[PDB]
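Here the structure is laid out as structure tokens; the discussion comes afterwards.
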Amino acid sequence: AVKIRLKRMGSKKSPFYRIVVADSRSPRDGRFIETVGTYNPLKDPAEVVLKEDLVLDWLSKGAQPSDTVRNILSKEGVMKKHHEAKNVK
Amino acid sequence: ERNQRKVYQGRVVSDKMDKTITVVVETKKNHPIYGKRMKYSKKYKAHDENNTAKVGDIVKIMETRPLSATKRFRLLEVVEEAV
Amino acid sequence: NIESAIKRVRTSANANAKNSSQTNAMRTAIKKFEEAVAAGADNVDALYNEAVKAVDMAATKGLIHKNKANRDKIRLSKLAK
RNA sequence: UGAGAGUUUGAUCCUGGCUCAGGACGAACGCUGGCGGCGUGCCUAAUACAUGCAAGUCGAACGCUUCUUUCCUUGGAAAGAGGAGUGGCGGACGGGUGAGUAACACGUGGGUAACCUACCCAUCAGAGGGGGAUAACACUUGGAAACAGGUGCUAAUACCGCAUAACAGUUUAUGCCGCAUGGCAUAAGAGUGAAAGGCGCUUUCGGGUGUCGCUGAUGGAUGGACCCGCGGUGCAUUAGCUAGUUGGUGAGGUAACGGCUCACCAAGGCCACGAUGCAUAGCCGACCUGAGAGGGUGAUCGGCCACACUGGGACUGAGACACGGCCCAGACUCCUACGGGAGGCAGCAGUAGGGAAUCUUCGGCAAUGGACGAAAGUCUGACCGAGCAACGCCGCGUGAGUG
RNA sequence: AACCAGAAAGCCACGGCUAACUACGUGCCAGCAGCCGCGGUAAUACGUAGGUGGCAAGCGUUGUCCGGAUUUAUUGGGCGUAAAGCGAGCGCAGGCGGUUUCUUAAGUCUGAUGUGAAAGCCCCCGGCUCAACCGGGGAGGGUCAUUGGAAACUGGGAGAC
């Protein structure tokens, strides 16, 4: 039950997150599999820097993004391209 | 064969047990602090079918799977035997 | 302390009752079969075949998980002749 | 990228010890004590623990008890109301602690033609239909209680058979890697399977459909399990150790190979390249130091292993031989009308005790992260923050030009 | 944003090593000290005085680990007299070996490929008004693992002097 989600790396009051794919059994800041992009909480608009050969080729493997991660990665229309293009078959 | 095993050479010490030989591979290391070429030895136990090799033969063997109470390699080929 | 795990005690006890009952039924079926094959008297095949088929009916309803039921039918097929 | 001073003598050169100048601390102890930005805080007794909070949630498989509403004013459709369950999923994650362990426990490098895996994308037939028996509730029995019995009702995705899958596995047939055993594709020989099922739309016929399931069995993803080469400790004032031990044959058993376990046969196996024995110790990323080779340590943060008062044993469950779950034995402690009962601070605060010495019996899911749930919500001493301490680093201060 | 340098500085030593002083009452007693050593009218080692002398909310003391220590010396030590060649021989195991032809390639070096988690110590660049926090790169984590080559030297086999 892999699940791409956040990882809090702040100092004391100023956080900094990295979008990362980890199994749900693992803790909030424990291990993972790989770091797929990042996001400052601060400074809207903060960048979604990606290779994006990972998200497209990773939800297709079968994964479920959480609340914040999906609702910011919908700004590139990622899986809609994909299950649009499952008609390629 | 989509993945290789590890094959080892060596010679035979003693094979008084049925279907079973004893293979010694042998090389030289360094001392970790000092530097000369110390030599040492191991004694494997490899499985044989039908009493192929004898005492003193250079033979070679392959990693197989857990086959018994720790005798775990399979004989390949009697290479060089003397009397 | 106990909070809600006492539900699971009753659940697991009832599961013990029915699981042990059905598996003892399976074991006595296999025992009846193996005593039938070693007999070798009259009706050496027809009650044998009815016993084989009742054993397999009991086996696939049963649980090991799935694997050693097939081992049971392999070691059971070789016990024909 | 490598700095040397003091002290043996009446004075000298050698050799040789002792001591100092440099850093570092989970430190302590005396003196001093302005503010803020980041951290850290039982190293001793894994000693005994009062008190309060650490894990629940569920209508769309399901059914039955308890509120207010216009409820044909006697019961009333209908909305939110529901105690335990045929009843699912969670409680094997998340947090603690280093007592054990000198071995495949760890670190690297590899294997599995000897392996298992609760959601998603699907994958060959699908996606059979039919049937039948029971708790809560009501009455009663013993006791103040923890609680333990009878008589009567009901619900289904529990129960039942029944033909519908051999692609399980075997034989045979047909093409290659080998690593011998064997396995990888196509068709046949003999045996076998189940959840017969929900909320909504249209409802012309009296059933088409959107969100939901179960397989005869496959694939990916994830997690777990087995097995090998090499490496990291002191003692010879510790030199022999081994009898399921070492091999074969057959059977059982396991997620699978295997003395893992049995029955039989032969006496094998390990050792100076340090076995066996005694003692100490969790391992690693790393940290301090040094020119470097090295030496020392494994507390903050991350990964693995092992433990739940002490010692055994299984069950449910995909997953535990289960932190909190069950059963049994042992030590301790508590309540009572004395007949009987109850429990494990190595969760967060806190208590005695030890010690030279280490904090508050606070707020809240606003945020990130779980668990349940069509979805709002619900749980959270995870976590986010406020306390306390000069314990460490600091950004600084108590103006600049002046008389 | 209206007004102030007011509200707002600390601590141990001075005989040599040890940069960092002079003088006064104390009198082998009371005392000091890391080592050397000081005390009987001098303590330039108790108190006083101004000084002097040190980092930037600190400063001394105790305890523990590395350096200096070439004082376990592989890098990097020695044995006539200073510690140190057994009283002397015979020899199992072990260590090390004359010249040369061919040959294997264990040791040897090298090309390519895979990995050496994240965070650290580094370096470059940004923000945090400078400590701390994050970001991308690289030696950094092997005596590693597989695949291809050399036979100069030592192992190994066949011979030769």
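When we count neighbours, we look across all protein chains shown, and the Cβ atoms used for this are built from the backbone with ideal geometry, even at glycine. No lab work stands behind these numbers, since they all come straight from the coordinates.
Per-structure values
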read-out	value
Candidates B:61, B:21, B:33, ranked by Gaussian network fluctuation over chain B, Cα under 10 Å, top entry	B:33
Hits among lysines - C-alpha to C-alpha of residue C:7 under 22 Å, sequence gap 8 or more where chains match	C:18
Burial ordering of B:62, A:79, B:38, fewest other beta-carbon atoms within 10 Å first	B:38, B:62, A:79
Greater than 31 Å apart at Cα, pairs in B:29/B:54; B:6/B:28; A:80/C:66; B:29/B:60	A:80/C:66
Long-range amide H partners of residue B:57 with built H, under 5 Å	B:12
Pairwise FRET efficiency - residue A:61 versus residue A:88, Cβ, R0 = 22 Å, nearest 0.05	0.85
13 Å beta-carbon shell around residue A:14, net charge (K/R +1, D/E -1)	+4
Additional length obtainable on full extension of the chain from residue C:73 to residue C:28, 0.36 nm per residue less Cα span	14.6 nm
Length-normalised contact order of chain A in % [C-alpha pairs under 8 Å, at least 6 apart]	25 percent
Cα-based reach from residue A:75 at 12 Å (exclusive), listing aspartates and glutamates while leaving out same-chain residues under 8 positions away	A:47
Whole-Å distance, taken between Cα centres, linking segment B:1-29 and segment B:55-81	4 Å
Qualifying GluC sites (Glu not before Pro) in chain C, DSSP loop, other Cβ atoms within 10 Å at most 13	C:3
Ranked list, fewest to most other Cβ atoms within 10 Å of each Cβ, for B:31, B:47	B:31, B:47
Computed over chain B: relative contact order in percent, which uses C-alpha pairs under 8 Å that are six or more apart	30 percent
With Cα atoms, 0 to 90° folded angle of helix C:6-39 axis to chain C main axis	10 degrees
Inter-label distance for residue C:43 and residue B:43, nm, one decimal - labels placed 7 Å from Cα along Cα-to-Cβ	6.3 nm
Choice from B:23, B:12, B:55 showing the highest fluctuation, given a GNM over chain B with Cα pairs closer than 10 Å	B:55
